[PDB]
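Step one of this worksheet: look at the structure below.
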Amino acid sequence: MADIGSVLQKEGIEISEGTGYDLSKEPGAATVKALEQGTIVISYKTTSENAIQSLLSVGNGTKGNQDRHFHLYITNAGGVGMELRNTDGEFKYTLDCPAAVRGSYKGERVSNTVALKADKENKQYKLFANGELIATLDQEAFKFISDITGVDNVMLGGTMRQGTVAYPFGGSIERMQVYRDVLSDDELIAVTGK
Amino acid sequence: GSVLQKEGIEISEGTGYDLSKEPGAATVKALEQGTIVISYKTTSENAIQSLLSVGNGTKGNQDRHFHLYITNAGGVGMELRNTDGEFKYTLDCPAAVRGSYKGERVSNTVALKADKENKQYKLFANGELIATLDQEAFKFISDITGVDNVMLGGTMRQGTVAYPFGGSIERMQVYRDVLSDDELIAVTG
Ligand SMILES: CC(=O)N[C@H]1[C@H]([C@H](O)[C@H](O)CO)O[C@@](OC[C@H]2O[C@@H](O[C@H]3[C@H](O)[C@@H](O)[C@H](O)O[C@@H]3CO)[C@H](O)[C@@H](O)[C@H]2O)(C(=O)O)C[C@@H]1O
Ligand SMILES: CC(=O)N[C@H]1[C@H]([C@H](O)[C@H](O)CO)O[C@@](OC[C@H]2O[C@@H](O[C@H]3[C@H](O)[C@@H](O)[C@H](O)O[C@@H]3CO)[C@H](O)[C@@H](O)[C@H]2O)(C(=O)O)C[C@@H]1O
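Set out below in structure tokens:
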């Protein structure tokens, strides 16, 4: 990891439900909007009982393009997932893992760390939470962010759908990093388990 | 040997075909792992068409089922569900089967295996492995709460036939055994 660098990073970002936090103008956003593969690592605390809370999304926010996006999300039941979409006629690749994260511990909102990697070489997606590899998906027709049509935004804490903040998170994004590099499972186990 | 097999079952769009009373249905309703192989011809433009389902058809339990389905866009998928709070494990693969081709309906063969030891699901269509899913928390049909039916051509949801297929289920076989990838490439060809 000594010479690995993120293409986009943010730290210490509070977000109330429905507000989101726009990253579209950040240096590095263009790179994120074109990823063919890579790694996303996010530490957060959720204060929200919303059922589906996007931590990070990248997609097409325009009218009629509401099924064209990627997001990495958590749920109110302690689930972690992702969706990678370009309308269902093109692709809808998803993961949803139960009982992988926690909202609270000893009456306090607890930090969790999750990660997703997408590896073009072996057509594989892997999801991690809190020190564990929780799911692996292989697709013959591999896709990633550069396959979504008309990407125009990157954001924390929701997914833009026809100009509305969908899948709204509340709480704190403690640390968020996006890499073009595909990090090893050992690295992701270590960073998510810390 | 299969635990349940049927051949030449033609289904009017929306009706389904109940297998719940067949010999072997109990075993299918309790599978911890296994393999499903289905050759079919669809004659329907319905968006989502279950080929085979196993689930809980009772009121309030509409998210408790397994099905292997095709779509009108040439997709193949499966969902394994016991309400989203418990599990929702899915696959959806584009451009894997044909709904029609040279203005004609056409046969396809698909397969799904669920492998408990490897904690793995693999989906096949027409001689190709199209997706693999590995879940740390492996589930299958015996983890669904209140299974009470097995059907071709739809999924029972609160007493309604959801995801309705129309056409012919040419051959369907369900195994408790986990077939090899090579065997599934061959049988789906
Ligand atoms: C993470 C997750 O569950 N995301 C799904 C999302 C959420 O469950 C809800 O938004 C939470 O309220 O639901 C999505 O589906 C709902 C929409 O479906 C649209 O129809 C789909 C149809 O179901 C597909 O079979 C078809 O291929 O595409 C249609 C068009 O998108 C309805 O038109 C729309 O009104 C909603 O009901 C969603 O996109 O919001 C699916 C997410 O995977
Ligand atoms: C193969 C497939 O696409 N299956 C999905 C199915 C189909 O897209 C549609 O049925 C085709 O018309 O849609 C399902 O979701 C629709 C229902 O969602 C319900 O709310 C969900 C909510 O979206 C989840 O986030 C939550 O965890 O669970 C809720 C309760 O199920 C609505 O209550 C209901 O009215 C439908 O809109 C479906 O179950 O039918 C999801 C399938 O994966």
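Chains as they are written, first to last, in the authors' numbering: chain A, 44 to 237; chain B, 48 to 236. Built from N, CA and C at the ideal position, the CB exists for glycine as well.
Proximity of the beta carbon of A:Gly121 to ligand 2 is not indicated: no heavy atom of the ligand is located closer than 7 Å. Every beta strand (DSSP E) stretch that sits fully inside the region 73-153 of chain B and reaches 3 residues is listed by chain position as 81-89, 95-102, 111-118, 123-129, 135-140. Assignment of beta-bridge partners to B:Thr156 by DSSP yields B:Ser86.
Approximately 5 Å separates the beta-carbon atoms of B:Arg218 and B:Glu54; this is inside 8 Å, confirming the contact. Nearest in C-alpha terms to A:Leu159, of all of A:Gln167, A:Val153, A:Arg152, is A:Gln167.
Taking every protein chain shown into account, the CB of B:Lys106 has fewer than 16 other CB atoms within 10 angstroms, so this residue is exposed. Partner residues in the beta bridge of B:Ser215, as assigned by DSSP, are B:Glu57, B:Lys88. The Cβ of A:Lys163 sits no closer than 8 Å to any Cβ of chain B.
The beta carbon of A:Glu126 sits closer than 7 Å to at least one heavy atom of ligand 1. Residue pairing from DSSP places A:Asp162 in a beta bridge opposite A:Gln167. A:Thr62 does not reach chain B, its nearest Cβ partner there being about 25 Å away, counting only Cβ pairs nearer than 7 Å. Contact annotation, B:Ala73 with B:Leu66: C-beta distance approximately 11 Å; criterion of less than 8 Å not satisfied. Considering only A:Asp162, A:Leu127, A:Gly121, the residue with the shortest C-alpha distance to A:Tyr148 is A:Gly121.
With contact defined as three or more Cβ pairs closer than 8 Å, the region 204-215 of chain A and the region 169-178 of chain B are not in contact. In this structure, the beta-carbon distance from A:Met198 to A:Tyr64 falls below 8 Å. Beta bridge pairing from DSSP links B:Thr179 with A:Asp181, B:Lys169. Between the C-alpha atoms of A:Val157 and A:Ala209 there is a straight-line separation of about 20 Å. B:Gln220 is bridged by DSSP to B:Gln52, B:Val84. For A:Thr62, no alpha helix (DSSP H) encloses it, and the DSSP letter there is neither H nor E.
In the DSSP annotation of this structure, the continuous segment of the alpha helix (DSSP H) that includes B:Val234 starts and ends at 228-234.
Annotation: A:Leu115 to B:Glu69 spans about 43 Å, alpha carbon to alpha carbon.
Scanning chain B for C-beta atoms nearer than 9 Å to the C-beta of A:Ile177 yields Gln182, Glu183, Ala184, reported in chain order. Here the distance from the Cβ of B:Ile117 to the nearest heavy atom of ligand 1 is not below 7 Å. Rounded to the nearest whole angstrom, the C-alpha separation of A:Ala233 and B:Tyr87 is 47 Å.
Annotation for A:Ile232 indicates a beta carbon at 7 Å or more from all heavy atoms of ligand 2. Per DSSP, A:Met44 lies in no beta strand (DSSP E) and is assigned neither H nor E.
Counting C-beta atoms within 10 angstroms of its own C-beta, B:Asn196 has 16 or more neighbours from the protein chains shown and is therefore classed as buried. Taking non-hydrogen atoms of ligand 2 into account, the C-beta of A:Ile95 is found less than 7 Å away from one of them. Proximity of chain B to A:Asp139 at the Cβ level (cut-off 9 Å) is accounted for by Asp131, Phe134, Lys135, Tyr136, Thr137, in chain order.
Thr118, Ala120, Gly122, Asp131, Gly132, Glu133: these are the residues of the region 104-133 of chain A whose beta carbon lies less than 8 Å from some beta carbon of chain B, given in chain order.
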